[PDB]
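Chemist: Just so it is clear, I am handing over coords.pdb, which has PDB, C-alpha atoms.
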```
ATOM      1  CA  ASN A  38     -25.590 126.946 282.071
ATOM      2  CA  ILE A  39     -22.774 125.210 284.036
ATOM      3  CA  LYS A  40     -19.227 124.016 283.267
ATOM      4  CA  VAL A  41     -16.609 122.103 285.244
ATOM      5  CA  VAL A  42     -12.964 123.111 285.250
ATOM      6  CA  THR A  43     -10.126 121.217 286.897
ATOM      7  CA  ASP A  44      -7.765 123.589 288.768
ATOM      8  CA  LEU A  45      -4.056 123.198 289.534
ATOM      9  CA  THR A  46      -4.733 121.131 292.686
ATOM     10  CA  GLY A  47      -6.813 118.665 290.640
ATOM     11  CA  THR A  48     -10.036 119.989 292.190
ATOM     12  CA  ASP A  49     -13.085 119.985 289.901
ATOM     13  CA  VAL A  50     -14.832 123.365 290.173
ATOM     14  CA  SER A  51     -18.345 124.044 288.844
ATOM     15  CA  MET A  52     -19.083 127.545 287.540
ATOM     16  CA  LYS A  53     -21.226 129.350 284.992
ATOM     17  CA  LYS A  54     -20.457 128.447 281.374
ATOM     18  CA  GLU A  55     -20.214 132.186 280.636
ATOM     19  CA  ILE A  56     -17.825 133.902 283.080
ATOM     20  CA  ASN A  57     -18.236 137.660 283.136
ATOM     21  CA  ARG A  58     -16.899 138.689 286.590
ATOM     22  CA  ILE A  59     -13.554 137.532 287.957
ATOM     23  CA  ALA A  60     -11.810 138.363 291.222
ATOM     24  CA  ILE A  61      -8.100 137.671 291.641
ATOM     25  CA  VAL A  62      -6.245 137.120 294.916
ATOM     26  CA  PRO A  63      -2.668 136.416 293.654
ATOM     27  CA  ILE A  64      -0.796 139.643 292.906
ATOM     28  CA  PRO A  65       0.753 138.892 289.474
ATOM     29  CA  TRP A  66      -2.354 137.112 288.191
ATOM     30  CA  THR A  67      -4.318 140.322 287.521
ATOM     31  CA  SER A  68      -1.921 141.081 284.676
ATOM     32  CA  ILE A  69      -2.082 137.430 283.575
ATOM     33  CA  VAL A  70      -5.896 137.387 283.391
ATOM     34  CA  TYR A  71      -5.663 140.595 281.359
ATOM     35  CA  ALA A  72      -3.198 138.934 278.958
ATOM     36  CA  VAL A  73      -5.331 135.827 278.403
ATOM     37  CA  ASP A  74      -8.569 137.790 277.891
ATOM     38  CA  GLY A  75      -6.781 140.564 275.954
ATOM     39  CA  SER A  76      -8.924 142.859 278.060
ATOM     40  CA  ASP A  77      -9.611 144.063 281.587
ATOM     41  CA  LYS A  78     -13.380 144.055 280.997
ATOM     42  CA  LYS A  79     -14.225 140.996 283.160
ATOM     43  CA  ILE A  80     -12.016 141.842 286.141
ATOM     44  CA  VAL A  81     -14.014 142.922 289.211
ATOM     45  CA  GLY A  82     -11.531 142.474 292.047
ATOM     46  CA  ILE A  83      -7.764 142.635 292.425
ATOM     47  CA  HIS A  84      -5.184 142.565 295.192
ATOM     48  CA  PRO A  85      -4.337 146.039 296.503
ATOM     49  CA  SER A  86      -0.647 145.410 295.651
ATOM     50  CA  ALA A  87      -1.725 144.511 292.109
ATOM     51  CA  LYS A  88      -3.439 147.937 292.017
ATOM     52  CA  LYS A  89      -0.271 149.583 293.325
ATOM     53  CA  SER A  90       1.800 147.889 290.571
ATOM     54  CA  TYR A  91      -0.841 148.761 287.946
ATOM     55  CA  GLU A  92      -0.572 152.482 288.781
ATOM     56  CA  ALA A  93       3.225 152.361 288.269
ATOM     57  CA  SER A  94       3.312 150.528 284.942
ATOM     58  CA  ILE A  95       2.204 150.584 281.305
ATOM     59  CA  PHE A  96      -0.717 148.422 282.536
ATOM     60  CA  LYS A  97      -2.466 151.703 283.484
ATOM     61  CA  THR A  98      -2.336 152.805 279.827
ATOM     62  CA  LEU A  99      -3.450 149.428 278.479
ATOM     63  CA  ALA A 100      -6.331 149.084 280.930
ATOM     64  CA  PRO A 101      -7.674 152.493 282.065
ATOM     65  CA  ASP A 102     -10.914 150.923 283.403
ATOM     66  CA  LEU A 103      -9.083 148.969 286.184
ATOM     67  CA  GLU A 104      -8.681 152.278 288.018
ATOM     68  CA  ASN A 105     -12.236 151.783 289.297
ATOM     69  CA  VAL A 106     -12.028 148.082 290.190
ATOM     70  CA  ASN A 107     -12.421 146.847 293.757
ATOM     71  CA  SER A 108      -9.119 146.202 295.541
ATOM     72  CA  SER A 109     -10.484 145.925 299.086
ATOM     73  CA  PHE A 110     -11.712 142.320 299.097
ATOM     74  CA  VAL A 111      -8.347 140.805 300.135
ATOM     75  CA  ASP A 112      -5.505 142.071 302.407
ATOM     76  CA  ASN A 113      -1.659 141.766 302.194
ATOM     77  CA  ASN A 114      -1.623 138.458 304.021
ATOM     78  CA  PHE A 115      -4.109 137.175 301.398
ATOM     79  CA  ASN A 116      -6.961 137.029 303.923
ATOM     80  CA  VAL A 117     -10.268 137.327 302.122
ATOM     81  CA  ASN A 118     -13.079 139.589 303.306
ATOM     82  CA  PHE A 119     -15.960 137.181 302.641
ATOM     83  CA  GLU A 120     -18.667 139.824 303.184
ATOM     84  CA  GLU A 121     -17.105 142.041 300.487
ATOM     85  CA  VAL A 122     -16.705 139.167 297.950
ATOM     86  CA  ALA A 123     -20.307 138.133 298.520
ATOM     87  CA  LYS A 124     -21.393 141.703 297.693
ATOM     88  CA  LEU A 125     -19.098 141.793 294.618
ATOM     89  CA  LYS A 126     -20.660 138.572 293.270
ATOM     90  CA  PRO A 127     -17.804 137.363 291.141
ATOM     91  CA  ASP A 128     -18.499 134.300 288.994
ATOM     92  CA  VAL A 129     -15.095 132.919 290.033
ATOM     93  CA  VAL A 130     -12.244 133.832 292.360
ATOM     94  CA  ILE A 131      -8.630 132.889 291.701
ATOM     95  CA  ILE A 132      -6.929 131.849 294.958
ATOM     96  CA  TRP A 133      -3.746 130.071 296.073
ATOM     97  CA  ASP A 134      -3.377 126.298 296.493
ATOM     98  CA  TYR A 135      -2.519 126.854 300.174
ATOM     99  CA  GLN A 136      -5.976 128.402 300.851
ATOM    100  CA  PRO A 137      -8.314 125.372 300.846
ATOM    101  CA  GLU A 138     -10.372 126.860 303.722
ATOM    102  CA  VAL A 139     -11.005 129.938 301.523
ATOM    103  CA  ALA A 140     -12.178 127.664 298.672
ATOM    104  CA  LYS A 141     -14.550 125.857 301.028
ATOM    105  CA  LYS A 142     -16.043 129.019 302.551
ATOM    106  CA  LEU A 143     -16.448 130.613 299.126
ATOM    107  CA  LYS A 144     -18.273 127.468 297.909
ATOM    108  CA  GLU A 145     -20.565 127.701 300.948
ATOM    109  CA  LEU A 146     -21.327 131.273 299.798
ATOM    110  CA  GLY A 147     -22.088 130.110 296.237
ATOM    111  CA  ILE A 148     -18.855 131.533 294.815
ATOM    112  CA  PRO A 149     -16.650 129.264 292.689
ATOM    113  CA  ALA A 150     -12.925 129.414 293.387
ATOM    114  CA  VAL A 151      -9.961 127.981 291.485
ATOM    115  CA  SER A 152      -6.610 127.347 293.082
ATOM    116  CA  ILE A 153      -3.330 128.048 291.334
ATOM    117  CA  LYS A 154       0.367 127.560 292.279
ATOM    118  CA  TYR A 155       3.563 129.645 292.582
ATOM    119  CA  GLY A 156       7.319 129.209 292.213
ATOM    120  CA  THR A 157       7.996 128.052 288.655
ATOM    121  CA  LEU A 158       7.614 128.879 284.974
ATOM    122  CA  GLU A 159       5.482 125.710 284.438
ATOM    123  CA  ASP A 160       2.968 127.024 287.015
ATOM    124  CA  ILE A 161       2.515 130.117 284.834
ATOM    125  CA  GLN A 162       1.775 127.965 281.739
ATOM    126  CA  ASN A 163      -0.657 125.616 283.535
ATOM    127  CA  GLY A 164      -2.391 128.629 285.096
ATOM    128  CA  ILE A 165      -2.742 130.259 281.681
ATOM    129  CA  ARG A 166      -4.319 127.080 280.292
ATOM    130  CA  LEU A 167      -6.794 127.057 283.179
ATOM    131  CA  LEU A 168      -7.650 130.733 282.564
ATOM    132  CA  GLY A 169      -8.287 129.881 278.911
ATOM    133  CA  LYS A 170     -10.947 127.363 279.971
ATOM    134  CA  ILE A 171     -12.474 129.769 282.501
ATOM    135  CA  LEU A 172     -12.576 132.684 280.055
ATOM    136  CA  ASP A 173     -13.404 130.580 276.951
ATOM    137  CA  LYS A 174     -10.246 131.905 275.285
ATOM    138  CA  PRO A 175      -8.368 128.666 274.551
ATOM    139  CA  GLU A 176      -6.688 129.959 271.404
ATOM    140  CA  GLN A 177      -5.176 133.013 273.140
ATOM    141  CA  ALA A 178      -4.154 130.850 276.118
ATOM    142  CA  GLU A 179      -2.472 128.274 273.870
ATOM    143  CA  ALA A 180      -0.827 131.066 271.814
ATOM    144  CA  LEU A 181       0.688 132.444 275.054
ATOM    145  CA  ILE A 182       1.805 128.980 276.166
ATOM    146  CA  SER A 183       3.331 128.257 272.730
ATOM    147  CA  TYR A 184       5.149 131.590 272.902
ATOM    148  CA  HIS A 185       6.664 130.572 276.270
ATOM    149  CA  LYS A 186       7.487 127.035 275.071
ATOM    150  CA  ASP A 187       9.121 128.323 271.855
ATOM    151  CA  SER A 188      11.194 130.774 273.959
ATOM    152  CA  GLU A 189      12.239 127.976 276.351
ATOM    153  CA  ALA A 190      13.277 125.774 273.403
ATOM    154  CA  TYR A 191      15.254 128.670 271.869
ATOM    155  CA  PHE A 192      17.238 129.235 275.077
ATOM    156  CA  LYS A 193      17.796 125.479 275.607
ATOM    157  CA  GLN A 194      19.145 125.174 272.073
ATOM    158  CA  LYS A 195      21.467 128.164 272.449
ATOM    159  CA  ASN A 196      22.701 126.434 275.620
ATOM    160  CA  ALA A 197      24.592 129.514 276.885
ATOM    161  CA  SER A 198      25.119 127.931 280.324
ATOM    162  CA  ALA A 199      27.707 125.677 278.688
ATOM    163  CA  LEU A 200      29.922 128.590 277.558
ATOM    164  CA  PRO A 201      33.323 129.116 279.177
ATOM    165  CA  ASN A 202      34.423 132.384 280.910
ATOM    166  CA  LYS A 203      30.884 133.666 281.673
ATOM    167  CA  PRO A 204      30.375 137.231 283.019
ATOM    168  CA  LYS A 205      29.701 137.346 286.771
ATOM    169  CA  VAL A 206      26.238 138.814 287.408
ATOM    170  CA  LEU A 207      24.740 140.192 290.632
ATOM    171  CA  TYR A 208      20.980 140.742 290.921
ATOM    172  CA  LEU A 209      20.674 143.509 293.528
ATOM    173  CA  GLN A 210      17.191 143.963 295.030
ATOM    174  CA  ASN A 211      17.517 147.262 296.870
ATOM    175  CA  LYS A 212      19.638 149.879 298.702
ATOM    176  CA  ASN A 213      20.137 147.555 301.689
ATOM    177  CA  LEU A 214      22.562 144.976 300.229
ATOM    178  CA  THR A 215      19.881 142.373 299.528
ATOM    179  CA  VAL A 216      20.645 140.158 296.544
ATOM    180  CA  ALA A 217      19.079 137.257 294.656
ATOM    181  CA  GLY A 218      20.244 133.969 296.224
ATOM    182  CA  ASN A 219      20.573 130.459 294.809
ATOM    183  CA  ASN A 220      16.901 129.569 295.436
ATOM    184  CA  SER A 221      15.704 132.482 293.246
ATOM    185  CA  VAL A 222      14.380 132.198 289.711
ATOM    186  CA  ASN A 223      16.711 135.145 289.000
ATOM    187  CA  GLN A 224      19.764 132.864 289.384
ATOM    188  CA  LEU A 225      18.161 130.312 287.040
ATOM    189  CA  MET A 226      17.618 133.151 284.519
ATOM    190  CA  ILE A 227      21.239 134.302 284.881
ATOM    191  CA  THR A 228      22.458 130.733 284.260
ATOM    192  CA  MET A 229      20.152 130.155 281.272
ATOM    193  CA  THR A 230      21.403 133.364 279.626
ATOM    194  CA  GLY A 231      25.098 132.489 280.042
ATOM    195  CA  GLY A 232      26.125 134.306 283.210
ATOM    196  CA  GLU A 233      27.807 133.154 286.385
ATOM    197  CA  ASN A 234      25.922 133.973 289.570
ATOM    198  CA  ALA A 235      28.020 136.237 291.810
ATOM    199  CA  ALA A 236      25.822 135.094 294.748
ATOM    200  CA  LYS A 237      25.974 131.385 293.770
ATOM    201  CA  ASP A 238      26.906 130.340 297.323
ATOM    202  CA  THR A 239      24.291 132.541 299.063
ATOM    203  CA  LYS A 240      21.116 130.635 300.047
ATOM    204  CA  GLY A 241      17.498 131.876 299.836
ATOM    205  CA  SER A 242      15.483 133.826 297.249
ATOM    206  CA  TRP A 243      16.356 137.369 298.422
ATOM    207  CA  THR A 244      19.166 137.513 300.990
ATOM    208  CA  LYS A 245      21.082 140.277 302.777
ATOM    209  CA  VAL A 246      24.887 140.135 302.408
ATOM    210  CA  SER A 247      27.882 142.333 303.334
ATOM    211  CA  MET A 248      29.526 144.984 301.141
ATOM    212  CA  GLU A 249      32.736 143.035 301.746
ATOM    213  CA  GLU A 250      31.243 139.876 300.139
ATOM    214  CA  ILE A 251      30.163 141.892 297.086
ATOM    215  CA  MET A 252      33.635 143.484 296.781
ATOM    216  CA  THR A 253      35.124 139.982 296.851
ATOM    217  CA  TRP A 254      32.725 138.661 294.162
ATOM    218  CA  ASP A 255      33.482 141.740 292.023
ATOM    219  CA  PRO A 256      30.614 141.238 289.552
ATOM    220  CA  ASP A 257      31.006 142.235 285.876
ATOM    221  CA  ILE A 258      27.290 143.074 285.521
ATOM    222  CA  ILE A 259      24.744 144.306 288.104
ATOM    223  CA  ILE A 260      21.000 144.144 287.486
ATOM    224  CA  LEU A 261      18.820 146.279 289.778
ATOM    225  CA  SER A 262      15.357 144.996 290.649
ATOM    226  CA  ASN A 263      11.993 146.853 290.521
ATOM    227  CA  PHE A 264      11.248 146.077 294.190
ATOM    228  CA  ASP A 265      13.001 149.339 295.057
ATOM    229  CA  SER A 266      13.640 152.814 293.601
ATOM    230  CA  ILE A 267      17.386 152.122 293.182
ATOM    231  CA  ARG A 268      18.748 153.218 289.795
ATOM    232  CA  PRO A 269      22.190 153.003 288.169
ATOM    233  CA  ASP A 270      23.273 156.588 288.967
ATOM    234  CA  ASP A 271      22.700 155.779 292.699
ATOM    235  CA  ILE A 272      25.530 153.246 292.428
ATOM    236  CA  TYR A 273      27.732 155.289 290.041
ATOM    237  CA  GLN A 274      27.579 158.348 292.338
ATOM    238  CA  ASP A 275      27.806 156.334 295.609
ATOM    239  CA  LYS A 276      24.590 157.702 297.053
ATOM    240  CA  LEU A 277      24.120 154.676 299.334
ATOM    241  CA  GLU A 278      25.214 155.051 302.984
ATOM    242  CA  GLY A 279      27.788 152.522 304.225
ATOM    243  CA  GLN A 280      28.518 151.233 300.708
ATOM    244  CA  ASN A 281      31.430 151.848 298.401
ATOM    245  CA  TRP A 282      30.688 150.528 294.915
ATOM    246  CA  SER A 283      33.455 152.540 293.153
ATOM    247  CA  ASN A 284      36.007 149.726 292.696
ATOM    248  CA  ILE A 285      33.571 147.044 291.437
ATOM    249  CA  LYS A 286      34.128 145.978 287.789
ATOM    250  CA  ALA A 287      30.439 146.488 286.846
ATOM    251  CA  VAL A 288      30.629 150.015 288.266
ATOM    252  CA  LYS A 289      33.952 150.999 286.661
ATOM    253  CA  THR A 290      32.766 149.675 283.265
ATOM    254  CA  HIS A 291      29.233 151.163 283.600
ATOM    255  CA  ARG A 292      27.411 147.836 283.434
ATOM    256  CA  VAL A 293      24.759 148.555 286.107
ATOM    257  CA  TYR A 294      21.287 148.113 284.657
ATOM    258  CA  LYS A 295      17.742 148.618 285.952
ATOM    259  CA  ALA A 296      15.545 145.627 285.102
ATOM    260  CA  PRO A 297      12.717 146.375 282.674
ATOM    261  CA  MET A 298       9.058 146.354 283.647
ATOM    262  CA  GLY A 299       6.169 145.787 281.282
ATOM    263  CA  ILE A 300       2.663 144.935 282.435
ATOM    264  CA  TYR A 301       4.125 143.655 285.736
ATOM    265  CA  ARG A 302       7.708 143.565 286.959
ATOM    266  CA  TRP A 303       9.928 141.125 285.102
ATOM    267  CA  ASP A 304      11.911 140.179 288.245
ATOM    268  CA  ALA A 305       9.871 136.979 288.762
ATOM    269  CA  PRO A 306       7.751 134.652 286.590
ATOM    270  CA  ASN A 307       5.020 136.395 284.543
ATOM    271  CA  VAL A 308       3.393 136.430 281.074
ATOM    272  CA  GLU A 309       6.217 138.575 279.595
ATOM    273  CA  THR A 310       9.108 136.461 281.026
ATOM    274  CA  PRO A 311      10.342 135.477 277.534
ATOM    275  CA  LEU A 312      10.962 139.197 276.844
ATOM    276  CA  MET A 313      12.959 139.481 280.076
ATOM    277  CA  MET A 314      15.065 136.491 278.997
ATOM    278  CA  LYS A 315      15.746 138.209 275.693
ATOM    279  CA  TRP A 316      16.845 141.423 277.435
ATOM    280  CA  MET A 317      19.213 139.510 279.759
ATOM    281  CA  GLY A 318      20.631 137.406 276.931
ATOM    282  CA  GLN A 319      21.684 140.465 274.995
ATOM    283  CA  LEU A 320      23.301 142.018 278.093
ATOM    284  CA  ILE A 321      25.198 138.895 279.115
ATOM    285  CA  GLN A 322      26.030 137.012 275.864
ATOM    286  CA  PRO A 323      25.240 139.350 272.960
ATOM    287  CA  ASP A 324      27.356 137.315 270.498
ATOM    288  CA  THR A 325      25.187 134.241 271.205
ATOM    289  CA  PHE A 326      21.820 136.027 271.350
ATOM    290  CA  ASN A 327      22.246 137.950 268.088
ATOM    291  CA  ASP A 328      19.314 136.705 266.016
ATOM    292  CA  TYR A 329      16.440 138.779 267.412
ATOM    293  CA  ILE A 330      15.600 142.445 267.925
ATOM    294  CA  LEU A 331      14.063 142.896 271.372
ATOM    295  CA  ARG A 332      12.168 146.093 270.467
ATOM    296  CA  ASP A 333      10.430 144.300 267.569
ATOM    297  CA  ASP A 334       9.565 141.278 269.692
ATOM    298  CA  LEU A 335       8.157 143.570 272.422
ATOM    299  CA  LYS A 336       6.024 145.460 269.859
ATOM    300  CA  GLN A 337       4.841 142.179 268.334
ATOM    301  CA  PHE A 338       3.861 140.773 271.749
ATOM    302  CA  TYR A 339       1.855 143.901 272.762
ATOM    303  CA  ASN A 340       0.164 144.058 269.344
ATOM    304  CA  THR A 341      -0.717 140.332 269.256
ATOM    305  CA  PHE A 342      -1.901 139.810 272.802
ATOM    306  CA  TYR A 343      -3.042 143.250 274.017
ATOM    307  CA  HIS A 344      -4.019 144.914 270.687
ATOM    308  CA  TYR A 345      -1.813 147.813 271.690
ATOM    309  CA  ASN A 346       0.867 149.422 269.520
ATOM    310  CA  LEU A 347       3.726 150.744 271.642
ATOM    311  CA  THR A 348       5.348 154.090 270.794
ATOM    312  CA  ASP A 349       9.101 154.595 270.986
ATOM    313  CA  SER A 350       8.649 156.594 274.226
ATOM    314  CA  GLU A 351       6.696 153.737 275.831
ATOM    315  CA  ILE A 352       9.382 151.235 274.775
ATOM    316  CA  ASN A 353      12.076 153.496 276.287
ATOM    317  CA  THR A 354      10.153 153.478 279.577
ATOM    318  CA  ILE A 355       9.523 149.710 279.620
ATOM    319  CA  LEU A 356      13.132 148.816 278.781
ATOM    320  CA  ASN A 357      14.824 151.657 280.757
ATOM    321  CA  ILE A 358      16.757 152.627 277.594
ATOM    322  CA  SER A 359      17.650 156.159 278.749
ATOM    323  CA  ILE A 360      18.056 155.122 282.384
ATOM    324  CA  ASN A 361      20.444 152.299 281.451
ATOM    325  CA  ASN A 362      22.175 154.043 278.529
ATOM    326  CA  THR A 363      21.476 151.017 276.276
ATOM    327  CA  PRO A 364      20.635 152.713 272.976
ATOM    328  CA  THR A 365      20.902 149.512 270.908
ATOM    329  CA  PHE A 366      17.631 148.263 272.367
TER     330      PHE A 366
END
```
Re-express the file's structure as structure tokens.

Modeler:
Amino acid sequence: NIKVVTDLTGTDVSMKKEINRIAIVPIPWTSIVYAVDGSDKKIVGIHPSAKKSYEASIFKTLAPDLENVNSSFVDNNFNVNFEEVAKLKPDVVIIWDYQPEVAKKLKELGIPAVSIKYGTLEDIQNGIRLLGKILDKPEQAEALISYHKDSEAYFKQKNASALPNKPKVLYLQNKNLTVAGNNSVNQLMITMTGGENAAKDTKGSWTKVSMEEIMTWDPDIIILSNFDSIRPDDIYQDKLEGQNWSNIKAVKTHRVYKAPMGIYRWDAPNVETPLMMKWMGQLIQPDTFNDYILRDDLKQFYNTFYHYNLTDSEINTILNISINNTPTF
């Protein structure tokens, strides 16, 4: 009746052999549990921000039943309501490595908890492997990990970061001049796909800068994040107070693009990150990344892992094809 799983902190956690009810504290991990199980059927608690994101994405179509899941058991500062979780009776709760006191209290309440980590693409893969053991879906978990590893190997072999004369790329978060800095995964993704980071010398993950700095950088390509409603026509038509984008190369050449969003936003590490890398590659170095069709790979991924066959309309929405005027996707 019992099994023991080792979590990402090296803690051995006892739980039922058959896990039927899972609660998830980390925001992106609701979509990741869904991906590993190929189903939302075992999910009984999610972060309220995970619910918010769910309502805004294709996730809502894939997993209509999550509409009625509990999202009250944890707040925005990741504080757990232990009374609520005890009522919910999950078989396991996914928590963060920095919450050992939560693990201990949950254990005292008879509720197993597994700790995961954040920051890297390896953390995603190790977390998936752990979920495979929890959910008894090791084949799907390893298929997802292999997919990520094969994608990583493909981009390492292409070695686009070694190319000369790379386009300068700015990852703009919002309407308030906040950009991806040199501690962000976004700058790593820009480098791996053969771009130069416009904000290379700006520290932090997301950092506010001046319009004057951006004018000086003069990026060739601008990617807009999904943290904010900002869209390309907001830049093209200078709708943003105190900002003049009109003389920037990316703006004059109409190379301002809204980042895609699948099951979760693609702006940080997630289960669909290899698809994001493929999108960026074809924007930044299309002559290098010319041996795949992103639309086909997206359809294949959704069919294989989610048993869902995307329509052309759904693909347009995910990849912002109309919004970005990128009809070749």

Chemist: List the residues selected by the PyMOL selection byres ((chain A and resi 189) around 12) in the file shown, writing them as a PyMOL selection string.

Modeler: chain A and resi 158-159+162+182-188+190-196+226+229-230+310-312+314-315

Chemist: Report the residues retrieved by the PyMOL selection byres ((chain A and resi 319-325) around 7) from the displayed file, expressed as a list in words.

Modeler: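 So the PyMOL selection byres ((chain A and resi 319-325) around 7), applied here, picks out residues 204, 230, 231, 232, 315, 316, 317, 318, 326 and 327 of chain A.
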
Chemist: What's the 9 Å shell around residue 213 (chain A), counting all atoms listed in the file, without same-chain residues fewer than 6 positions away, as a list in words?

Modeler: residues 245, 246 and 277 of chain A

Chemist: Any chance you could resolve the PyMOL selection byres ((chain A and resi 55-71) around 6) against this file and give the residues as a PyMOL selection string?

Modeler: chain A and resi 53-54+72-77+79-84+87+127-132

Chemist: Using only C-alpha atoms, find the one residue out of A:137, A:279, A:218, A:156 that sits nearest to residue 240 (chain A).

Modeler: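 Closest to residue 240 (chain A), using only C-alpha atoms: A:218.
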
Chemist: Just to confirm, what's the straight-line distance from CA of residue 349 (chain A) to CA of residue 209 (chain A) in Å (one decimal)?

Modeler: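 So the two atoms, CA of residue 349 (chain A) and CA of residue 209 (chain A), lie 27.7 Å apart.
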